[PDB]
Enquirer: 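Below is one structure. I have some questions about it.
Sequence lines set the chain letters: A, B, ... in the order given, protein chains first and strands last, and positions in each chain run from 1. Heavy atoms only: backbone and side chains are in, while hydrogens, waters and symmetry mates are out. Numbering of ligands and ligand atoms starts at 1, following listing order.
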Number of protein chains: 2
Amino acid sequence: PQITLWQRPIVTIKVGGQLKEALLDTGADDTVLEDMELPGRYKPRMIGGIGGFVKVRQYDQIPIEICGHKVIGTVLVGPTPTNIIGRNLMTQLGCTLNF
Amino acid sequence: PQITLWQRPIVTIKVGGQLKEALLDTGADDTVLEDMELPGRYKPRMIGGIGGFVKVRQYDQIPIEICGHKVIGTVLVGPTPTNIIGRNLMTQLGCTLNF
Ligand SMILES: COc1ccc(S(=O)(=O)N(CC(C)C)C[C@@H](O)[C@H](Cc2ccccc2)NC(=O)O[C@H]2CO[C@H]3O[C@@H]4OCC[C@@H]4[C@H]32)cc1
């Protein structure tokens, strides 16, 4: 894919049979998904943004398909305004920024 | 250039006569800079991120050079933890996400 930025770079993702929308986000170190149920034991964490910090549950080794491409890695779950794919997963996609 | 996402995509910018480091942020609609003065009038604006909303100052049609490219547009100034370059300016560079 080549994704221009006139619109939000929202892609379709597949999380265990659920399809969702998520923002491809180079400004995010990590992937944060809106509150949902994931497998495994989780570490509560603090994650900070524009408007301060929110608490998230960190889950490891979560299979996600982004854009038809399979990735497996860490996903943070909490009160985010939108699902965001962070660099930890965009590197698995092999995303680069180009200009 | 082709920018990798192994590291934060930080670039040097020049705005208001000042050199700054900023994060190239495809998940950011708008460009948001830590508190500084600009030689233009502004209006208040509420901008919402992962922790919620913050009040910013909105300066319109602000020239910025990014990696030696001259761009112009809206710059928001306020209590952001990091300088971020949003889509409003990256579209002017011809920035695409590629994978
Ligand atoms: C270490 O792990 C992390 C740590 C932090 C974050 S983050 O979401 O807070 N963020 C980091 C940055 C502030 C240093 C990534 C950004 O891409 C967020 C991601 C984001 C998007 C939407 C909502 C909340 C967050 N964008 C954002 O806050 O943009 C603001 C400014 O312009 C508007 O575009 C967006 O779209 C409309 C509102 C926002 C506005 C993610 C993973």
Side-chain angles (χ1 to χ4, degrees), chain A residues 3-11 13 20-35 42-60 62 64 66 71 73-92 95 97, chain B residues 3 5-11 13 20-35 42-60 62 64 71 73-92 95 97:
Chain A
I3 302 183
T4 191
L5 297 171
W6 305 107
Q7 303 289 327
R8 292 178 175 167
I10 300 291
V11 302
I13 72 168
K20 301 179 183 295
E21 308 277 81
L23 182 63
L24 291 192
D25 192 1
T26 58
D29 302 336
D30 301 323
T31 293
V32 200
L33 297 185
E34 296 157 22
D35 227 319
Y42 66 101
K43 288 333 257 193
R45 273 239 301 135
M46 266 291 219
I47 210 67
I50 269 281
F53 291 86
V54 297
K55 304 270 187 179
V56 292
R57 309 174 158 216
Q58 170 175 326
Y59 293 93
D60 290 324
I62 303 302
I64 290 186
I66 312 167
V71 304
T74 299
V75 168
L76 310 177
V77 180
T80 169
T82 81
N83 299 314
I84 72 171
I85 308 302
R87 294 173 29 236
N88 72 302
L89 285 188
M90 288 182 83
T91 46
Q92 295 197 19
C95 296
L97 272 170
Chain B
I3 303 176
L5 292 168
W6 299 115
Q7 290 81 45
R8 288 173 181 165
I10 312 273
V11 292
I13 69 171
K20 308 275 201 168
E21 301 295 296
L23 179 67
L24 296 169
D25 195 344
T26 63
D29 295 346
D30 304 313
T31 294
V32 194
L33 302 180
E34 305 178 73
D35 180 70
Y42 59 86
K43 295 169 307 191
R45 187 180 185 97
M46 290 288 176
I47 223 72
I50 226 167
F53 283 80
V54 306
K55 177 171 230 176
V56 298
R57 300 184 177 174
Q58 169 185 344
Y59 300 76
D60 286 337
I62 295 286
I64 286 190
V71 301
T74 305
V75 172
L76 311 177
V77 174
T80 171
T82 77
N83 300 324
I84 66 176
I85 307 299
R87 295 169 32 239
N88 75 306
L89 294 184
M90 295 183 67
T91 52
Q92 311 219 304
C95 277
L97 281 177

Enquirer: Non-hydrogen atoms of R8(A) versus ligand 1: any pair closer than 4.0 Å?
Expert: yes

Enquirer: Answer yes if the side chains of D25(B) and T26(A) hold a donor-acceptor pair under 3.5 Å, and no otherwise.
Expert: no

Enquirer: Does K20(A) NZ have over 12 foreign heavy atoms under 6.0 Å away?
Expert: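 More than 12 heavy atoms, drawn from other residues, nucleotides or ligands, come within 6.0 Å of this atom.
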
Enquirer: Starting from atom 33 (C) of ligand 1, locate the nearest protein heavy atom and write down its residue, its atom name and how far away it is, to 0.1 Å.
Expert: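 Protein heavy atom at minimum distance: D29(B) N, 3.4 Å.
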
Enquirer: Under 4.0 Å from any heavy atom of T82(B), which atoms of ligand 1 are there?
Expert: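 Under 4.0 Å from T82(B), ligand 1 has these atoms: 14 (C).
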
Enquirer: What is the closest protein heavy atom to atom 19 (C) of ligand 1, and at what distance does it sit?
Expert: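 Result for atom 19 (C) of ligand 1: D25(A) OD2, 3.1 Å.
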
Enquirer: Looking at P81(A), which atoms of ligand 1 are within less than 4.0 Å of one of its heavy atoms?
Expert: 23 (C), 24 (C)

Enquirer: Quick one: are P44(A) and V56(A) in side-chain contact, heavy atoms under 4.5 Å?
Expert: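 Side chain of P44(A) against side chain of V56(A), heavy atoms only: no contact under 4.5 Å found.
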
Enquirer: Tell me which protein heavy atom sits closest to atom 11 (C) of ligand 1, plus the residue, atom name and distance to 0.1 Å.
Expert: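 Result for atom 11 (C) of ligand 1: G27(A) O, 3.3 Å.
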
Enquirer: Might you work through the side-chain hydrogen bond (donor to acceptor under 3.5 Å, both in side chains) test for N88(B) and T31(B), ending with a clear yes or no?
Expert: CA-CA 7 Å; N88(B) 75 306; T31(B) 294; 2.9 Å; yes

Enquirer: Rounded to the nearest 0.5 Å, what's the gap from CD1 on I47(B) to CD on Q58(B)? Could you check?
Expert: 8.0 Å

Enquirer: I'd like to know if the side chain of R57(A) reaches the main chain of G78(A), judged simply by a donor and an acceptor atom lying under 3.5 Å from each other, with no hydrogens or angles considered.
Expert: no

Enquirer: To which protein heavy atom is atom 9 (O) of ligand 1 closest, and what is the distance rounded to 0.1 Å?
Expert: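 For this ligand atom, the closest protein heavy atom is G49(A) CA, 3.1 Å.
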
Enquirer: Could you give the distance from CE (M46(B)) to NZ (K55(B)), rounded to the nearest 0.5 Å?
Expert: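 Output value for this atom pair is 5.0 Å.
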
Enquirer: Is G48(B) in contact with ligand 1, taking contact as a heavy-atom separation below 4.0 Å?
Expert: yes

Enquirer: Give me the nearest non-hydrogen protein atom to atom 32 (O) of ligand 1 as residue plus atom name, then the distance to 0.1 Å.
Expert: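 Looking only at protein heavy atoms, the one closest to atom 32 (O) of ligand 1 is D30(B) N, 3.1 Å.
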
Enquirer: Looking only at protein heavy atoms, identify the closest one to atom 7 (S) of ligand 1 and say how far it is in Å.
Expert: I50(B) CD1, 4.0 Å

Enquirer: Considering only non-hydrogen protein atoms, determine which one is nearest to atom 3 (C) of ligand 1 and report residue, atom name and distance to 0.1 Å.
Expert: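 Protein heavy atom at minimum distance: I47(A) CG1, 3.7 Å.
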
Enquirer: To the closest 0.5 Å, what do you measure between OH (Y59(B)) and CG (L76(B))?
Expert: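 The CG atom of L76(B) is 10.5 Å from OH of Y59(B), to the nearest 0.5 Å.
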
Enquirer: Closer than 4.0 Å to some heavy atom of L23(A) - which atoms of ligand 1 meet that?
Expert: 21 (C)

Enquirer: Report the part of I84(A) in contact with ligand 1, treating N, CA, C, O as backbone and CB onward as side chain, heavy atoms under 4.0 Å; options are side chain, backbone, both, neither.
Expert: side chain

Enquirer: Given the rule in the side-chain contact (heavy atoms from CB on, under 4.5 Å) test, do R45(A) and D30(A) qualify, once you have shown the distances and angles that lead to the verdict?
Expert: CA-CA 12 Å; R45(A) 273 239 301 135; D30(A) 301 323; 3.9 Å; yes

